[PDB]
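Here's the structure we're looking at; comments come further down.
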Amino acid sequence: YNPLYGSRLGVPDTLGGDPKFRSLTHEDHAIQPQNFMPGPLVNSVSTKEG
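Numbering of the sequence shown is given in the deposited numbering, commencing with residue 253 and proceeding in unit increments.
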């Protein structure tokens, strides 16, 4: 995405049965909507965590 602009897409802000959505800023980068998912991982842990 272009880092200078916010999304035209809102995301959930208040949860429950009647959720309220919030428009994204140009700075909540962690909750940028994605067009494509990452690939499959199966037990892909390090030797410390396996």
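Ideal Cβ placement from N, Cα and C applies to all residues, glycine included.
- For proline 264, the enclosing beta strand (DSSP E) begins and ends at 262–266.
- If you draw a straight line from the Cα of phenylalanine 273 to the Cα of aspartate 280, it comes to about 14 Å.
- If you check the CB distance, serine 296 and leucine 276 do not come in under 8 Å.
- Going by DSSP, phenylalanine 288 is part of no beta strand (DSSP E) at all; its letter is neither H nor E.
- DSSP places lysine 272 in the uninterrupted beta strand (DSSP E) bounded by 272–275.
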